[PDB]
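*Asks:* Handing you a structure now.
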Amino acid sequence: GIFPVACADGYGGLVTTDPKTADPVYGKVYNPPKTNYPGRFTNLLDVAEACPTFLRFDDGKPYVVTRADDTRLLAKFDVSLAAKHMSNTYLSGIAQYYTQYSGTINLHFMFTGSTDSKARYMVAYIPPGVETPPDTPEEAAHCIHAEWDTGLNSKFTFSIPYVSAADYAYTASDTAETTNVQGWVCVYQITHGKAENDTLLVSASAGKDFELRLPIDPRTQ
Amino acid sequence: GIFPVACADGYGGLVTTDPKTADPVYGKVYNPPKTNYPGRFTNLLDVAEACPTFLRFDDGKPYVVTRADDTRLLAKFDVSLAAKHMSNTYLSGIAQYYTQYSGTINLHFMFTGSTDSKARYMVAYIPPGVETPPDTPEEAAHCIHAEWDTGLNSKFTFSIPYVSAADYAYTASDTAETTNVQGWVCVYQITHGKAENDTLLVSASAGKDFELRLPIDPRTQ
Amino acid sequence: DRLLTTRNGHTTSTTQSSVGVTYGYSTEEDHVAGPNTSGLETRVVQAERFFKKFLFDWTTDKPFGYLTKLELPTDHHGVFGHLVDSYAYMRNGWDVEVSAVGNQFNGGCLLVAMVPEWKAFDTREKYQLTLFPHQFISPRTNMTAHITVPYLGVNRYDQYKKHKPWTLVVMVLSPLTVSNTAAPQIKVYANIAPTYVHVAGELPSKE
Amino acid sequence: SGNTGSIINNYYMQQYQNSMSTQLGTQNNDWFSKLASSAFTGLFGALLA
Amino acid sequence: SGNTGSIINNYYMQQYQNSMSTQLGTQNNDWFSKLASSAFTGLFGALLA
Amino acid sequence: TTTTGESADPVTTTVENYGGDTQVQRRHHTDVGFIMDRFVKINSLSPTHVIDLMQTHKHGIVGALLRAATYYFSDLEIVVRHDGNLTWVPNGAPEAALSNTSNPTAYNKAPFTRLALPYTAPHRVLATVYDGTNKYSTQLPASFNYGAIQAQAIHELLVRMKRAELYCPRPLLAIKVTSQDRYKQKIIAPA
Amino acid sequence: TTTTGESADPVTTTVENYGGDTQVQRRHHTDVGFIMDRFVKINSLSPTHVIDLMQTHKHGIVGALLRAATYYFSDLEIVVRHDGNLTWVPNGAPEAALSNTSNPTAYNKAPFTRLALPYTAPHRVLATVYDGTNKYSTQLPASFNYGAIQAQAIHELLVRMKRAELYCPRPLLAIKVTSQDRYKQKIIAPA
């Protein structure tokens, strides 16, 4: 006799993300050596961490300009990988292919001013729960925030904390979403001395515990 | 119960080069002994190395004739297994069944002249990059080349080096290919004394590191 | 004192406002002796030295995104150039140094990067140009950028006359700002030197 | 491996299932991994907590 | 073998899968292999490098 | 943390700077090998088709990701829904070979055909972009392919990168945002 | 390297003669056993067909290669697409036997039939060419066959040489070239 076997209904169909392998047909090919080829990367986040990219402001510039007027709120944006300001970053470029995330996102501010341009800035994370972000450093001061001044060192880095009810969050934003689900980031200018027209470049990168899960192919094709 | 099994879509079709074996039906046949039958060969290249065959020149002769006039370029040809001159060699005979190759191809020159016919020749490998092969030994001298004279020993062997950007090369030639992708070989006649009408037989064989990969069935059937 | 002095052959260059050197993609070179050259390649050390090339004028009117590029290798009139005409195949890496000298009273910021396999960039893509080996030049901090990259590409050796693997690119990140005391404009120059020059396949004479 | 989760060993030999990679001498050549791990994490300057 | 890459042992006995070869006394009878390996590789004469 | 931004040296601060605890992360889903290891559809088709991963859609998870690298390497798997028998041929073959049966030819078996193919180019690695001044005697070298296939008709073609290796990352863009703050879209929810 | 060409002794020089390095080579693809181990189509067919590897096409990879050897040996595999049942018979059988069921007969099962057959000739080895002055009481001896097959109709016949052994190599020709320099042809390239 031979081995009895039940061919089960429901199984066997092809699934585009299945964990199997096809049967081979053209054997014994030895590839040209690619030993030690430069610039390899094995995890997207390794580059997302090492290479920060720029946010988009105003007209479409990668920086913020010091206000000469009495307004101190330099910029404000949604803490969302789908944020308009984050739309040109590599981080968002990757994020679109995942459903959820958690972790620290790092922001980098780099002053472009002249040696005689001086300033003092403040960045704050406004968690959700308030109706509108405060346009005043005084009001924002009550949030997790940091201030720093211009000097020998041009760059200042700040980590946007992951604080939410659920352990993960959506990288995308639903149309019913009125106020950003994860809050805002506000950048203020405490003061400046002869810093009119000078610039503040801001970029973003993944933090040590930034994580993306659940691959997704969402773009229109 | 019995063993559940999923018959997978996409698998099971016959493939002309598959790595399986059919089920047998006529068992127990013992063949007549063929122990030690002569002339066996297990790898094409072993014969391709041991048995050199002839190139085709002019009218369709396996040799080159010493010029009595002032021209010194005896012959020139594309370094291609699809070369016209290589069209009658066993090497090309094999090569047509493979897509790519790399390695040394060896050329053999055997003087046929009389004891009183004397000559001095030169072979050079003109790598690609130039528009047209030089018709002068003086110009060719700047390339990898070798000179040798007539004497007690009739044969002189020279290896055409494999020098290219990619690790492998196509055995075939595309129709868009203007200048031969791997360069040319030029055979010159430096001088001769009473060698008019005498012949130089040239043949080719595989070198120690000659290699063919990727079997192909390209001929019209 | 961020004083750095680089040497390539019989040529040196020293800066008193360096911000270090950025190594791109690797810190060593892949094996320069592969099968594709059989044993015929050789190193020509006489080519490993600095040559110069003007890039552009950094002026107040050039906005963010203004980009100038220089595909390497470029027209060379020294031994490197002769090599390209005498050998079918070559390979080498690049030691790049770029100067944008104005003065401490200027403002703005340039991004200098070395890009493998160039392709004109969409303006949105410019925001991510930092994924390439780079460095910045901001008057308030430095006047020189220095990047060192290895040879790379699908072929262990190349035919520079048909393909240019690396291409230097300098781009305005924040426009130049001038005052009464600053330099009116800044000329940007490049000081480049090929590294580990190797040739193969002696071409004939042109006579 | 990535996205393959078969417990059972493959039925076809490796030299048929895949192309054989060769070397001229995988390794820890992960430029970007090294790069990311080399990032400054501390704090530049004096602290007053 | 040549162009066969099944990891798993055959289900049918060898005497059914193939014909049984007999002898009267495979070996290194590879005329051409021997022939090719016997090729002169050196250089005839004196050298001046 | 302040630093000398100009040097381009990486800086990764952590929430500890202001009293937080950095957590544990698991980045399996962002592993290159894993992420590129799924099937992707090739849209343009014809009775004779030369396999070129660049025909992949530029916004598809695999296509976008592939394009965010300068050089790559991988073996391949294909799924082809075709009429008649399917014949594949390795990189470098004369188009004419596709007619011959002794080249890997899979006899029609419904519903389609799934195969495992090896990297078969002559270069140590391939590129998604190639700055050739010529490259001859947005055009990529002819040698940059995985061979070709032919059948009486080819209805579908799915391709799968096995053992992927990516090098020299380049720009990866998200949908451009016109909306004042975020790109909002209908996210699945129960009815 | 100079030598006495007349002796016909093999000479293999290497690039070291002028300063090169001879490399490593891998000749798996030119292994006889391996290369002949694929299916090849037999074009002439009929309800009763006697298996003869020489009916193979002379320019096909297997046919050409087979013909580039004087003597050979191998077992065989066949694939037959037939109507009705298929009956095979060993070398030496009376044609009449094909009608009888107790000879290996495979009952029709779609889409075709794949079998494993043994070398069944009475000679220690076969030949591709046989200089018989007669060979009786380009014609090859009747005994040079692998048996015969019969069915109501035989639509396709693929043959596969298993355990091939080739001896005494003879001429193997490439396409003749009329073109001044090389035979050029359209090589696959992406569109």
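*Asks:* Report the residue of chain F with the smallest Cβ-to-axis distance, using the rotation axis that brings F onto G, in whole Å.
*Replies:* Nearest to the symmetry axis by Cβ: F:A110, 10.
*Asks:* In the structure shown, do any of A:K155/C:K126; F:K109/G:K184; A:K208/C:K164; A:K34/B:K76; C:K164/C:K206 have a Cα-Cα gap over 27 Å, and if so which? Don't skip to the answer; put the middle values down first.
*Replies:* Numbers: A:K155/C:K126 20 Å; F:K109/G:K184 36 Å; A:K208/C:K164 37 Å; A:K34/B:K76 36 Å; C:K164/C:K206 24 Å.
From the list (A:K155/C:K126; F:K109/G:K184; A:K208/C:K164; A:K34/B:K76; C:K164/C:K206), the Cα-Cα distance tops 27 Å for F:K109/G:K184; A:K208/C:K164; A:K34/B:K76.
*Asks:* Taking 8 Å as the Cα distance limit and 6 or more residues as the minimum spacing, I'd like the relative contact order of chain C as a percentage.
*Replies:* 39
*Asks:* Per residue of the protein assembly as shown, what 222 nm ellipticity follows from adding -39500 (n - 2.57) for every DSSP H run with n ≥ 4, rounded to the nearest 500?
*Replies:* Values: 15 runs with 86 residues, N = 1129.
Helix contribution divided over all residues of the protein assembly as shown: -1500 deg cm²/dmol.
*Asks:* Right, another one. What does the charge count around B:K155 come to, taking other residues whose C-beta lies under 11 Å from its C-beta (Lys +1, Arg +1, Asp -1, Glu -1)?
*Replies:* Working: positive: none; negative: G:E6, G:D9.
Counting the neighbours of B:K155, the net charge comes to -2.
*Asks:* Ordered shortest first, which distances in nm separate the 7 Å Cα→C-beta label point of F:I175 from those of the other copies?
*Replies:* Distances between equivalent label points, in nm: 5.1.
*Asks:* Assuming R0 = 60 Å, what is the FRET efficiency of F:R26 and B:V25, from their Cβ-Cβ distance, to the nearest 0.05? Present the calculation step by step, with values, prior to reporting the outcome.
*Replies:* Values: r = 55 Å, r/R0 = 0.92.
The computed FRET efficiency comes out at 0.65.
*Asks:* Related question: Which of C:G102, C:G81, C:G39 moves the most in a Gaussian network model of chain C with Cα springs under 10 Å?
*Replies:* In the Gaussian network model the winner is C:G39.
*Asks:* Related question: Rounded to the nearest 20 Debye, what is the dipole magnitude of the protein assembly as shown about its Cα centre when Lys and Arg each give +1 and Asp and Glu each give -1 at the C-beta? Show your work: numbers first, answer last.
*Replies:* On the way: 93 positive and 101 negative charges, 377 e Å.
Taking the Cα centre of the protein assembly as shown as origin, the dipole is about 1820 debye.
*Asks:* Taking 0.36 nm per residue of separation and subtracting the Cα-Cα distance, what length does fully extending G:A8 through G:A97 add? Please report the intermediate quantities before stating the final value.
*Replies:* Working: separation 89, 0.36 × 89 = 32.04 nm, distance 5.24 nm.
Full extension of this stretch gives 26.8 nm more.
*Asks:* Calculated FRET efficiency, A:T191 and C:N180, Cβ-Cβ r, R0 30 Å, to nearest 0.05? Numbers along the way, then the final one.
*Replies:* Values: r = 23 Å, r/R0 = 0.77.
E between A:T191 and C:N180, to the nearest 0.05, is 0.85.
*Asks:* Can you put F:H29, A:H85 in order of Cβ neighbours within 10 angstrom, beginning with the fewest?
*Replies:* Taking fewest neighbouring Cβ atoms as first place, the list is F:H29, A:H85.
*Asks:* On to the next question. Taking 7 Å along the Cα-to-C-beta vector as the label spot, tell me the B:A8-D:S37 distance in nanometres, rounded to one decimal.
*Replies:* Between B:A8 and D:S37, the label points sit 3.5 nm apart.
*Asks:* Shifting gears a bit: Compute the distance in nm between two label points, each set 7 Å from the Cα along the Cα-to-Cβ direction, one at G:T178 and one at F:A191.
*Replies:* 6.9
*Asks:* Taking the Cβ of each residue in E:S37, C:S17 as the centre, tally the other Cβ atoms inside 10 Å and list the residues starting with the fewest.
*Replies:* Working: E:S37 14, C:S17 18.
Taking fewest neighbouring Cβ atoms as first place, the list is E:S37, C:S17.
*Asks:* Something else about it: If we hang a label 7 Å off Cα along the beta carbon direction at G:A110, how far is it from the matching labels on the other copies, in nm, shortest first?
*Replies:* 0.7
*Asks:* Related question: Using the charge dipole of the protein assembly as shown (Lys, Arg: +1 at Cβ; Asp, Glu: -1 at Cβ; taken about the Cα centre), state which of C:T181, F:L126, A:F57 has its Cα farthest towards the positive end.
*Replies:* In the protein assembly as shown, that residue is F:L126.
*Asks:* Roughly how many Å is it from the Cα centre of the stretch F:130-157 to that of the stretch G:32-107, as a whole number?
*Replies:* If we compute the Cα centre of each part, the gap is 38 Å.
*Asks:* Looking at chain C only, what percent of DSSP beta bridges run antiparallel? Nearest 5 please.
*Replies:* 95
*Asks:* Could you tell me the calculated FRET efficiency between B:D58 and F:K135, based on Cβ-Cβ distance and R0 = 45 angstrom, to the nearest 0.05? Display every interim value, and only then the final one.
*Replies:* Details: r = 35 Å, r/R0 = 0.78.
The pair B:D58/F:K135 has a calculated efficiency of 0.80.
*Asks:* Relative contact order for chain B: what percent, with Cα pairs under 8 Å and sequence separation of 6 or more?
*Replies:* Relative CO of chain B lands at 35 percent.
*Asks:* Here's something else I'd like to know. Residue by residue, what Karplus-based ³J(HN,Hα) values in Hz, rounded to whole numbers, does the stretch G:164-174 have, using 6.51, -1.76 and 1.60 with θ = phi - 60° and x for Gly and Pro?
*Replies:* 4, 9, 10, 9, 6, x, 9, x, 10, 9, 9
*Asks:* Can you list the distances in nanometres, one decimal and ascending, from the A:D70 label point to the identical position in each other copy, with the point 7 Å along Cα to Cβ?
*Replies:* In ascending order, 9.8 nm.
*Asks:* Can you give the net charge of the other residues whose Cβ lies under 14 Å from the Cβ of G:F73, counting K and R as +1 and D and E as -1? Walk me through the intermediate numbers first.
*Replies:* On the way: positive: B:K34, B:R40, G:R124, G:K162, G:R163; negative: G:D37, G:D75, G:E165.
Residues near G:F73 contribute +2 overall.
Using ideal geometry, Cβ is built from the backbone for each residue, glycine included, and neighbour counts are taken over all protein chains shown. All of the numbers you see were taken from the coordinates with simple rules; none came from a lab.
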